[PDB]
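1. just dropping in an experimental structure and the matching sequence.
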Amino acid sequence: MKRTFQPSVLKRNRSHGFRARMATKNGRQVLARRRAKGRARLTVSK
Amino acid sequence: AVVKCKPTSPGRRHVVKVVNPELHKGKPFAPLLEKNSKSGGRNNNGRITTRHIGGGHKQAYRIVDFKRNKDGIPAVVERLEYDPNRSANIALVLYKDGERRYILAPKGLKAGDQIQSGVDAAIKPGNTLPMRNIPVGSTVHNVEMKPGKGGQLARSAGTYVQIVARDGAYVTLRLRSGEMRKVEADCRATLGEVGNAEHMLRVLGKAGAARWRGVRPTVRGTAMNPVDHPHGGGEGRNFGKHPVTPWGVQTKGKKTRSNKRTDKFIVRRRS
RNA sequence: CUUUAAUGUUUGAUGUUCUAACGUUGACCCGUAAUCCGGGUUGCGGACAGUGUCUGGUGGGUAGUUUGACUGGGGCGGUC
RNA sequence: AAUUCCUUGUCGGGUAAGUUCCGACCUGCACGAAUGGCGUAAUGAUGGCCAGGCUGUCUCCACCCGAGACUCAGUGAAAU
RNA sequence: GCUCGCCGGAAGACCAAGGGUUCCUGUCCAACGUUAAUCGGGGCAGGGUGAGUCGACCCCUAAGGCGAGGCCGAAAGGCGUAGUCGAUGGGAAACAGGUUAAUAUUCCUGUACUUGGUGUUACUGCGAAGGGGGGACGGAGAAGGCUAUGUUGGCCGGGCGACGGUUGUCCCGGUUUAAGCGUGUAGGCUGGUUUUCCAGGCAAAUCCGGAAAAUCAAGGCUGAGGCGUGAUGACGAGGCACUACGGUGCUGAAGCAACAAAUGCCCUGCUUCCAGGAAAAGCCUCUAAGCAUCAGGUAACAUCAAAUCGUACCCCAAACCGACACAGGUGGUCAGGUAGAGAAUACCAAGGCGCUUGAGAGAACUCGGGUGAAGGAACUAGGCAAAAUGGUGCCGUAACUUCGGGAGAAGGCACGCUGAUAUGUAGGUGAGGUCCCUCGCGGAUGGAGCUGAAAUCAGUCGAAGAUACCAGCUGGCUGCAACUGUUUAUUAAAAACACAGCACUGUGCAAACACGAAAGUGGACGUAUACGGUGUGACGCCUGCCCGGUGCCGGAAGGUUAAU
RNA sequence: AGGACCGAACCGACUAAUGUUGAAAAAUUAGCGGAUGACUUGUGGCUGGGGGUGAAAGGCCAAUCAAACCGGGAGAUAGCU
RNA sequence: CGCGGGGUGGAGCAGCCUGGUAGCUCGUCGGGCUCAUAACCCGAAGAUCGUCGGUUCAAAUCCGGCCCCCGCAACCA
RNA sequence: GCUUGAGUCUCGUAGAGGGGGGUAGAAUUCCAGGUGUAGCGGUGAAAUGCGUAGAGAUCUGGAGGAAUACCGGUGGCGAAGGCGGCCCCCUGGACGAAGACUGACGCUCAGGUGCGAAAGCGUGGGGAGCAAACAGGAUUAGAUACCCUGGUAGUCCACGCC
């Protein structure tokens, strides 16, 4: 049957994309937490 | 007029269309036509502030004139458009100077009729003049609450406010709800009851009819669970809770009216 | 002191009137290529309205909780 | 009776035989009028019952065609 | 390589989405592949994606987002004006042919088209964030005109044939060609032209609207397709030739007609109904600010430019989403032949496949199917499941009814092939010829050719002619819900929910009510024939009694009564 | 004309059988209901946790829902194994 | 079976929970009224409290038991 | 063919004839307000009811609906049903006078068609007064009635039935 993941690169970047994260203070706080964890893939991107 | 449909199919059996042949079946006058997007009953926050409404057939907002600011310019009527946004049909008036505007159509109105605004015009139907100049007891519509505001009272089809008495700048009115209410004498009012009185006789017929009217299903509280509505629950149609809106305010008999500052203008209340 | 008689005077409650506070999801002008907002003029209200603090009422709309034990399984009954 | 406990109520009809079905009786444990009452054509992957046609559903299984089961070679799990 | 079998409205052929090198060539077989494996969507090297015209970028907005100021909010921040983003929509332009192991509307050949820039020449008032026009829009239906496309004939080339006949009423194949440019057709819309005036188009306007006359009646716009040109070119069945024998080189027949025919096109049409049917730019036009010798615009001519990114490959699947090379899921486009109402079904073409374990044996038992004496629900909780019915025309058709139904009620009959009627009819199409013309893509008369039902009659074959696949079981009494619909994705599809209708009640507009501690939005750019809530649930006949209890409404005299 | 009739695509899920360490964490095969509308579907938006949305089942909200998931309070607390 | 409620002239009800004189309406009998009956008017009789015991000076009133009547409960697998 | 039947034409006359649209005055009720104080209303008698929360009585203003006083007359008109304020609009029939004209064109009428009080019904208005149903109070042996205090459909309007 139809699975829950039905990818669309546009909708993906609009949502979890870098700029989307830079919008709200909360988003920027996410990026703070990820750099602190030293994670290579900060956000998914082209 | 009223025309009952033949029962060839269910959901057609009970339909009663209101044909109005004296009405322009072509396209409306484009320059006066701005878009109106559906709200879906959802505000800025995106929440659904008003239930039910949503969906339904698309429609464009005609710009109907209300202020009737033009004075002393005679105006030949042209054709009676259908206005989906309202209940009453709207005439496409043509002033002598070439500008056109839509206006709500009074009962006695026909194509090619002469009608004028301003303090002079006449007591002929369709004329918009300040109520201080209007004879007592006469029937009027599109009354304004305040001068220049546009028009408020009596716009729905077949409705008409009836002037009752004058006193100073105030003038009493019998609103269609039976509520007596004072207004300022200088407010404009158009003569004659609004047309399309047969609007109420329509019986839509099938369920789908309401759907493209923009309406959606109204679920009874008793059907919902106790968490969703103040009613609801019980094993087999129990009830016994005093009737209330979903938000717990008492319905059926509760008074909700309280503006204080508008109280002075009212005289009799509705009954 | 009985009763309150008139006047004066302090305060209290009504009623009518006024406008300058305040309101204006009334009109019109400017900022301004702008249905926002502010400013200005004017009409409409007008000491109400409305907001703050205190206060009585109402309030399962919402929240936190309680709702015993014995018991020839428990519940009901009975009992402490 | 989607409501009736005693109840397979009583009578009729239906069947060789009918705790169900249809029509009535009213003794309504505990129907009932917009938490609607009573009828209702048409509609229903709805509930109950009867009949015709039809048949391996059955009396009562029998044979046949393919896929596995079985044997060889290769690969090679699991729950416990 | 030969044969066989399967799909063919797909199990073919293009794309988007999404993957991200899986494509191709060599090489390798450890691992991966449910076996082996010389093979691969696996390992390892190398190659491969060419654009002014396709798409994106770009211009313009929709829903919606962000939002200078601003309003509001303990802070965070919320809302929102100007603005600025945002395609799923709108906006200039290209086709055919050849070519590579892998790309091509991108390369090459041939022939085109657009928008800018710059210049030259000739003319000329040009110019907005402003005005107007245009762009710019629903559904349903009806045909008519065409084309794709196909069939047959003719034409051209080949064949005369493994076992009877087969040089002929015979067999097999091929018979294709665009965009652009010219012509403006069927067909649709519209009365045009000049003059005169203005309470309008936040200012003006020579445009737009409106009002008067005068004047001719056509003029104008849109428009599929056809016919020319493009094209004495290409393409081309096959032959001529070798060939690393994979293929390349060389040459080249005919290339028409009739008919049928769309769901494609004219048709952003027409008719009709109501539920009453995006915005903005590009485009055209009008002037203002302005500048007029300028500048700037218009036409012609030349000339430059058209950047940057995607382009391979899969794409109903072994490459996407399902942990898998997983009987699942996923949008758009094309859609041939015979029979058929048909995109169903059956058999085929192009085209692609035989589903990564096989080989035997022919027990029980299970799965998926076929058949059955005689009886025919006796089985069983229950006719569950099977079986049966099943088409097209004609006959005929009940209770009941809201007069539409019920109804495809029920129940019947006919049905193939051949001949004649008619060496194929009625019908459709429409040639030649001839007639007429405001003369062409014209109009009449004309009937050649082609296509072609259905019926009656006669005859004929089978046990059986809707012979296949395909393709209703029917009737009666009754409950409940009026109906179509919706519902527990993953054990409940119903009598539940909705529903049109009815009633009560609220709300006079800065409405009630809701979301938000506020601003503010929705309600509604609506106004009591409206809008919110609650209950009942079409239609018909109806809706009785109780205000004690509880709740609401109305009234304030008196008692009680908070802060103060 | 029609929330008309029959009936493919398309959407749905009524009955039965198989499957139940499946081919598959709800499918297959045979039949079945709707199929011009209260239809269906693509792209893109908006609504959020005591909240959303709901033709109402306490259904759905990333295989999880009488209160999502993730981190933090936190080594919660457990007269109980 | 568990609990609760009741039994009173001829009928229906009080009075019992507040052990110290048993009432109300109807019915019955009697006299009037009327031609007569009904209605109406005036009078009178009528129980000794389901029932066997206890308790008390005294029990229809309190207590227990027994016989009927009445209502609720009689459940979860 | 004729004109005495029947019919048309001319001037008129009377009339609650019909339909439509306006308008007035008296009164009832309702509302707001003043004065004023203990009863009012009702009945065979009472009671319910209303009323010290200020009734009724009284006066001023206002709002509404319906019906239309005396005129009104075994008067008039109309086929019948029926029709009563005043006023306009549209219109029917009758009658009289004098002639003129046509020339039996007439009478009745099954079936048919139309009109048809009140009540009733359907949709939508309106709602004073009155009032089935209903409620309470009395009367009575009982009183599902008569009487009293209330009161819904209805009565009124438009359009359809009957």
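-> Cool, the structure landed. Numbers count the residues shown, from 1 in each chain, chains lettered A, B, ... in the order given.
2. tell me how far the closest residue to RNA strand D within chain A lies from residue A:8.
-> Ranked by Cβ to the nearest atom of the strand, the top residue of chain A for proximity to RNA strand D is residue A:1, at 18.0 Å. Backbone N, C-alpha and C define where each C-beta goes, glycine included. Residue A:1 is 19 Å from residue A:8, where distance means Cβ to Cβ, to the nearest Å.
3. neighbour-wise, which of those two wins?
-> residue A:8 (9 against 2; other Cβ atoms under 10 Å in any protein chain shown).
4. against RNA strand H, how distant is the more buried one?
-> 53 Å (Cβ to the nearest atom of the strand, to the nearest Å).
5. interface residues of chain B facing RNA strand H?
-> B:137, B:164-165, B:174, B:200-201 (Cβ under 7 Å from any atom of the strand).
6. by neighbours, which of the residues you listed wins?
-> residue B:174 leads the residues of chain B next to RNA strand H on contacts (other Cβ under 10 Å) with 19 neighbours.
7. can you tell me the helix or strand for the nearest residue to that residue once chain neighbours are set aside?
-> What sits nearest to residue B:174 in space, not counting adjacent residues and going by Cβ to Cβ, 6 or more residues apart in numbering or on different chains, is residue B:162, at 4.6 Å. Of the helices and strands defined by DSSP states H and E, residue B:162 is found in strand B:161-167.
8. the lengthiest helix in chain A vs RNA strand F: in contact?
-> The longest helix of chain A (DSSP state H) is helix A:25-36. No. If you take Cβ under 7 Å from any atom of the strand as the test, helix A:25-36 misses RNA strand F, and the best it gets is 8.4 Å.
9. and the helix or strand hosting residue B:77, which strands flank it?
-> Per DSSP H and E, residue B:77 falls inside strand B:74-81. For strand B:74-81, the paired strands and their directions (DSSP bridges) are strand B:90-95 (antiparallel), strand B:114-116 (antiparallel).
10. what's the most buried one of these?
-> Stretch with highest mean neighbour count among those: strand B:90-95 (a mean of 21; mean count of other Cβ atoms under 10 Å in any protein chain shown).
11. can I get that strand as PDB, trimmed to CA atoms?
-> This file holds the C-alpha atoms of strand B:90-95, laid out as PDB (Å, rounded to 0.1, in the frame of the first residue of the first chain):
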ATOM      1  CA  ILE B  90     -28.600  43.900  -8.200                       C
ATOM      2  CA  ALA B  91     -29.400  46.500 -10.900                       C
ATOM      3  CA  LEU B  92     -26.700  47.900 -13.100                       C
ATOM      4  CA  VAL B  93     -27.500  51.600 -12.900                       C
ATOM      5  CA  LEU B  94     -26.200  54.000 -15.500                       C
ATOM      6  CA  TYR B  95     -25.900  57.700 -14.500                       C
END
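12. and that strand, is it in reach of RNA strand E?
-> Yes. Counting by Cβ under 7 Å from any atom of the strand, RNA strand E has neighbours in strand B:90-95: residue B:94.
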